[PDB]
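One structure is given below, encoded as structure tokens.
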Amino acid sequence: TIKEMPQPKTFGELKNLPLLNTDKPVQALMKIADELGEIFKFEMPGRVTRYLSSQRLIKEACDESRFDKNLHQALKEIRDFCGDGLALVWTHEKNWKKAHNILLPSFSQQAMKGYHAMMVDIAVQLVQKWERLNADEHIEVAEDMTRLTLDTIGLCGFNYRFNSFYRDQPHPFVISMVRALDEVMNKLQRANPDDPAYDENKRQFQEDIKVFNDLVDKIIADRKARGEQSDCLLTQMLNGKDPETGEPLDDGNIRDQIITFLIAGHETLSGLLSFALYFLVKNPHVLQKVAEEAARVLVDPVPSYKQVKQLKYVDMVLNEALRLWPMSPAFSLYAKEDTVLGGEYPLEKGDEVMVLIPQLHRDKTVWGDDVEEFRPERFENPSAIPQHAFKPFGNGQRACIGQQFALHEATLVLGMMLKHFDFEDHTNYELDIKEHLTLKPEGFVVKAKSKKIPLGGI
Amino acid sequence: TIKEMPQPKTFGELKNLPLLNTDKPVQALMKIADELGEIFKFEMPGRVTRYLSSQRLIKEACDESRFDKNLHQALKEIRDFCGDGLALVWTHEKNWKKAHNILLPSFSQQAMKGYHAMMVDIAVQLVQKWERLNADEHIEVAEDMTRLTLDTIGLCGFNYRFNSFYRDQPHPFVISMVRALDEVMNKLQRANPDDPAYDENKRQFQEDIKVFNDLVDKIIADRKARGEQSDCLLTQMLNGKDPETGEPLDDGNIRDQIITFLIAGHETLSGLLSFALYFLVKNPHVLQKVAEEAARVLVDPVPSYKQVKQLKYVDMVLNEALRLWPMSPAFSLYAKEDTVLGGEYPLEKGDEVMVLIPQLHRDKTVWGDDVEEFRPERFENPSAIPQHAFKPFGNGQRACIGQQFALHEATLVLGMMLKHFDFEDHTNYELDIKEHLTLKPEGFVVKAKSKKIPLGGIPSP
Ligand code: HEM
Ligand code: HEM
């Protein structure tokens, strides 16, 4: 038969694998999408998927009656150290429904008002650290952003202080996480994954796993020393039952959820803050306008929940940064039944289809011709944006459970940053997106001149 | 009645050296003083000195008309990396008078009121660090005190942020300083100092010196980026003239003073704070009384200058810690002319005599029979203390120029510590005084339970 979809160059038994022989496979796939079109087939030894890049097809892919969430190989390999976490379970397994019903109350607006204080604590830590630098000292943006987001997720969801700011080096948990992610990404490119030559790598992987487990233990132990304090994730994990089955999460599942949320609740958020600061220093008029909104809204020494909710331009800037470079850049789906996507591409039952979020966010037929320009004003009227054209947090019931958490924290931190400092791109930094499955700017450095605004104690 | 001076066992060409083959030489000399008496002679290859331990002889040694400050071998070896600092120059030389007249205004009571804000800044940093610990986490006392004192001396005297709290490891300057000081202390005890086996050590020494110089440069550079701000010691060093000779300090002398003050204004102070906290956790009733006085006086979120000056019991505790274990434990003097010490020991022109401060502070004929007891109340009436019986900061013109600085900083920090926390000796720590020329407790760890008292803000301009 005649195929209906384009497909890039195959290399024999290696299929399309040699096309991802880079450190930036997501950007390589973005280039392939630029070449072939909205949808194209991609074959690797043992698996076949179809990459979607246009709103026309993705709005049908998000129809939960026709497609459901699939665990692409990256997630299946993350399961080795995250277990059956909330993000690594099929939508139809008991683990997902149980954990979802148990953990969803932890992200209500009341829990947001609760986490606000600790978020402000870590934000104050970051601002003070930047204030206490000497002259002619720069800021390693990604590093301090990871410090802040890790401390925040820890303190807010587990009442545990990582104290990343009291370390001149990255936290060991962060380093082990990055090593594990790099190992997963490399394992995805191995023709013969059971080759003995990879044994060394595998061994190192286990060491990283050890680190993770150790941290979990301490967190659990620390709880037993303090007790139930905030209505955090840990309280609901330990003392929480399913309103349907009446069962609480077992101990192994609790450990899995702990590692999963620790990893998820800080890496992508770090990427978001770094990208936002990059675009702000690269568009001076937007920088000035957001600084004006920050100085206008944030009037108290410490910002309040309502003040963060009134930072509309900060939210628009964050959403535009999410648009241009979604930190979690893709998600996979499978067809529940045979269907015809877009009325032009037939799909069988169980076929794999992956959404290339940056190319969806660059669909000119929906966004315009200025897709590559950082213009947050395009989020002025939220209803003017067509359906399913902006999907940085997933879709449907399997969407990011901490979307409100992440947006609130990032808004607060960026507001305080632009209130208390004025930033300078002292190097003319050329963007370089490093990939550990997720995207993050590497080498981004700026200088900050304090606006000398007092930061009191509350 | 001319007596013959005692002397411990001699070992041939090594003289009394084999008695000091320890890492705690000051404590060994204290034991020798307990055995032999008020005065005893001590010979090392190439040098001879006489150790004094009684108020009767030390009050004559502090007679500036008969004796002047001598640079003992420890200071001559410190000069290798501190240069001709204020503490390392003879009293009669032009360098000391010039540098003294230039730098003395930096320690007036007005300059203290100025430094108070930055002191409170670093103190808030320390308290915040301790509040943010998890349960079942102990406190490395000496490490955090060194953090605080280094950050404070930097911020106050050079407007430079070391940010010792943003490092889980000791600052590299502190590590190089401790290694150089241990090298001086060990070099003073080496039978064969030119033996090839020690060559490596010497090499390491030089590397440390590099570090020092590098830091100095940064400080200078940082000033040129900011300008004359807090009118610190650096302002007086660079833009300061002698009210007598009209000369400003040259550049090499400025670097020497920078390194000298950076080391002096924090090492001994770290030791003082560590010792005081030790004595407080080992005498719970004194701890409670000082905590109560702290809660009475410090009522604002951040303490003020007057509030620090109203903490008399904290000052008495600091002074008792200074008495029992003076962080700088000795100083040397030489006889201007031939004289008769105590009416019993003849001294020639230029003979060396060193004051053993801990034994002076343990002279029962002046302090009582409880010299070994931690009783700060003995500093209630300051006029009740006899003359020349308490010399933790030196004597005469060559006394500690930053004594007010050290006492104010230590009082403020200890007051805030005892206001915001309750301490627990969770290990029943057995005292161990580590010596790198200075004295400081090593291995001291405690736990802190917060009283959950709020802390205020600071502008940080
Ligand atoms: C800018 C920041 C973030 C971005 C772009 C992002 C993106 C995403 C995406 C695309 C998914 C869906 C993956 C899929 O369907 O295969 C997802 C799910 C998820 N996110 Fe995030 N996320 C962010 C921050 C966070 C934070 C702060 C948390 C904190 C708890 C979090 C926790 C989760 C979890 C647990 C899931 C899986 C939930 C489920 O499937 O039931 N994420 N996120
Ligand atoms: C508990 C803390 C301290 C103790 C026990 C202490 C002890 C001493 C002693 C015993 C001397 C006399 C040395 C001798 O006569 O050979 C001295 C001198 C000196 N100290 Fe301190 N000190 C302390 C803190 C400080 C501080 C905070 C500074 C800040 C600058 C400082 C700087 C100096 C200087 C420059 C001299 C030499 C002054 C001169 O000779 O004109 N010290 N100190």
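Residue numbering restarts at 1 for every chain of the structure tokens, chains are lettered A, B, ... in their displayed order, and ligands are numbered from 1 as they appear.
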
- Item | chain B contacts on chain A, only C-alpha atoms, 10 Å, as an MDAnalysis selection string | chainID A and resid 128:129 131:136 159:169 219 221:226 301 450:458

Save the residues we just selected, N, CA and C atoms, as an mmCIF file, in the first residue's frame?
```cif
data_model
loop_
_atom_site.group_PDB
_atom_site.id
_atom_site.type_symbol
_atom_site.label_atom_id
_atom_site.label_comp_id
_atom_site.auth_asym_id
_atom_site.auth_seq_id
_atom_site.Cartn_x
_atom_site.Cartn_y
_atom_site.Cartn_z
ATOM 1 N N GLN A 128 17.775 37.823 49.090
ATOM 2 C CA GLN A 128 18.850 38.218 49.989
ATOM 3 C C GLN A 128 20.196 37.725 49.480
ATOM 4 N N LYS A 129 20.255 36.486 48.974
ATOM 5 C CA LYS A 129 21.517 35.982 48.438
ATOM 6 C C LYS A 129 22.020 36.875 47.318
ATOM 7 N N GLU A 131 21.292 40.017 46.918
ATOM 8 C CA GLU A 131 21.613 41.331 47.457
ATOM 9 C C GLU A 131 23.002 41.359 48.075
ATOM 10 N N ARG A 132 23.458 40.233 48.623
ATOM 11 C CA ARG A 132 24.710 40.168 49.368
ATOM 12 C C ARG A 132 25.915 39.818 48.501
ATOM 13 N N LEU A 133 25.803 39.914 47.178
ATOM 14 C CA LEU A 133 26.948 39.648 46.318
ATOM 15 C C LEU A 133 27.858 40.864 46.251
ATOM 16 N N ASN A 134 29.131 40.621 45.963
ATOM 17 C CA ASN A 134 30.053 41.735 45.812
ATOM 18 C C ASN A 134 29.914 42.352 44.427
ATOM 19 N N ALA A 135 30.590 43.480 44.234
ATOM 20 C CA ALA A 135 30.631 44.084 42.915
ATOM 21 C C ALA A 135 31.451 43.212 41.970
ATOM 22 N N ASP A 136 31.055 43.227 40.696
ATOM 23 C CA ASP A 136 31.689 42.419 39.649
ATOM 24 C C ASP A 136 31.612 40.923 39.975
ATOM 25 N N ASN A 159 7.714 19.528 54.258
ATOM 26 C CA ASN A 159 8.179 20.206 55.461
ATOM 27 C C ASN A 159 9.631 19.844 55.754
ATOM 28 N N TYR A 160 10.431 19.769 54.692
ATOM 29 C CA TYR A 160 11.844 19.425 54.771
ATOM 30 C C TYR A 160 12.646 20.529 54.101
ATOM 31 N N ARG A 161 13.680 21.003 54.781
ATOM 32 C CA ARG A 161 14.529 22.076 54.278
ATOM 33 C C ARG A 161 15.777 21.471 53.646
ATOM 34 N N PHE A 162 15.898 21.614 52.326
ATOM 35 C CA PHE A 162 17.113 21.205 51.630
ATOM 36 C C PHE A 162 18.264 22.169 51.900
ATOM 37 N N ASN A 163 17.951 23.434 52.193
ATOM 38 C CA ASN A 163 18.945 24.487 52.419
ATOM 39 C C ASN A 163 19.958 24.549 51.276
ATOM 40 N N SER A 164 19.437 24.626 50.047
ATOM 41 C CA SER A 164 20.304 24.691 48.877
ATOM 42 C C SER A 164 21.105 25.978 48.835
ATOM 43 N N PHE A 165 20.610 27.040 49.469
ATOM 44 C CA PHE A 165 21.330 28.301 49.471
ATOM 45 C C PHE A 165 22.507 28.298 50.425
ATOM 46 N N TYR A 166 22.518 27.392 51.401
ATOM 47 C CA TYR A 166 23.652 27.230 52.297
ATOM 48 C C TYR A 166 24.705 26.284 51.740
ATOM 49 N N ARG A 167 24.686 26.041 50.434
ATOM 50 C CA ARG A 167 25.668 25.212 49.751
ATOM 51 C C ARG A 167 26.183 25.985 48.549
ATOM 52 N N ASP A 168 27.505 26.026 48.392
ATOM 53 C CA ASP A 168 28.099 26.657 47.223
ATOM 54 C C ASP A 168 28.003 25.780 45.984
ATOM 55 N N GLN A 169 27.776 24.488 46.159
ATOM 56 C CA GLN A 169 27.629 23.541 45.073
ATOM 57 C C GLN A 169 26.188 23.063 44.953
ATOM 58 N N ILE A 219 13.468 12.169 54.741
ATOM 59 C CA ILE A 219 12.207 12.904 54.758
ATOM 60 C C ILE A 219 11.199 12.202 55.652
ATOM 61 N N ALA A 221 11.723 9.967 57.978
ATOM 62 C CA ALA A 221 12.212 10.043 59.349
ATOM 63 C C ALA A 221 11.947 11.420 59.937
ATOM 64 N N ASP A 222 12.240 12.470 59.166
ATOM 65 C CA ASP A 222 12.050 13.820 59.679
ATOM 66 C C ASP A 222 10.601 14.052 60.076
ATOM 67 N N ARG A 223 9.661 13.511 59.298
ATOM 68 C CA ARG A 223 8.252 13.661 59.646
ATOM 69 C C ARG A 223 8.002 13.113 61.044
ATOM 70 N N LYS A 224 8.527 11.917 61.319
ATOM 71 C CA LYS A 224 8.327 11.275 62.612
ATOM 72 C C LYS A 224 8.941 12.072 63.757
ATOM 73 N N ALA A 225 9.854 12.999 63.466
ATOM 74 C CA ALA A 225 10.401 13.839 64.522
ATOM 75 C C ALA A 225 9.564 15.088 64.763
ATOM 76 N N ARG A 226 8.871 15.585 63.737
ATOM 77 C CA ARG A 226 8.101 16.821 63.835
ATOM 78 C C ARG A 226 6.604 16.558 63.962
ATOM 79 N N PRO A 301 6.438 44.683 52.193
ATOM 80 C CA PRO A 301 7.746 44.006 52.196
ATOM 81 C C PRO A 301 7.666 42.585 51.671
ATOM 82 N N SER A 450 20.976 46.165 42.698
ATOM 83 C CA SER A 450 19.859 46.230 43.623
ATOM 84 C C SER A 450 19.168 47.581 43.522
ATOM 85 N N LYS A 451 17.836 47.553 43.531
ATOM 86 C CA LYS A 451 17.040 48.768 43.651
ATOM 87 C C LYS A 451 16.955 49.249 45.092
ATOM 88 N N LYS A 452 17.669 48.586 46.000
ATOM 89 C CA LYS A 452 17.791 49.005 47.394
ATOM 90 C C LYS A 452 16.428 49.127 48.067
ATOM 91 N N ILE A 453 15.548 48.174 47.783
ATOM 92 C CA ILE A 453 14.237 48.130 48.424
ATOM 93 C C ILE A 453 14.327 47.229 49.647
ATOM 94 N N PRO A 454 13.907 47.695 50.819
ATOM 95 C CA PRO A 454 14.043 46.876 52.024
ATOM 96 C C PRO A 454 13.166 45.640 51.964
ATOM 97 N N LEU A 455 13.664 44.573 52.584
ATOM 98 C CA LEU A 455 12.982 43.282 52.675
ATOM 99 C C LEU A 455 12.941 42.929 54.158
ATOM 100 N N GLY A 456 11.864 43.300 54.843
ATOM 101 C CA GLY A 456 11.785 43.081 56.271
ATOM 102 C C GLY A 456 11.374 41.661 56.623
ATOM 103 N N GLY A 457 11.185 41.444 57.919
ATOM 104 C CA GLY A 457 10.824 40.147 58.446
ATOM 105 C C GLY A 457 9.353 40.027 58.780
ATOM 106 N N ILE A 458 8.698 39.039 58.169
ATOM 107 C CA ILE A 458 7.315 38.682 58.484
ATOM 108 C C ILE A 458 7.153 37.163 58.413
#
```

- Message: Hey, which residues sit close to ligand 1? Say within 7 Å, counting only C-alpha atoms and all ligand atoms, and write them as a ChimeraX atom specification.
- Response: /A:69,71,86-87,96,100,260-261,264-266,268-269,272,322,326-332,392-395,397-403,405-406

- Message: Let me see if you get this right: every residue at most 7 Å from ligand 2, counting only C-alpha atoms and all ligand atoms, written as an NGL selection string.
- Response: :B and (69 or 86-87 or 96 or 100 or 260-261 or 264-266 or 268-269 or 272 or 322 or 326-332 or 392-395 or 397-403 or 405-406)

- Query: Counting only C-alpha atoms, what is within 12 Å of residue 255 (chain A), bar same-chain residues fewer than 5 positions away, as a ChimeraX atom specification?
  - Reply: /A:81-86,212-220,233-234,237-238,249-250,260-262

- Item | region 65-67 of chain B environment, 7 Å, only C-alpha atoms, sequence neighbours closer than 6 positions dropped, as a ChimeraX atom specification | /B:333-337
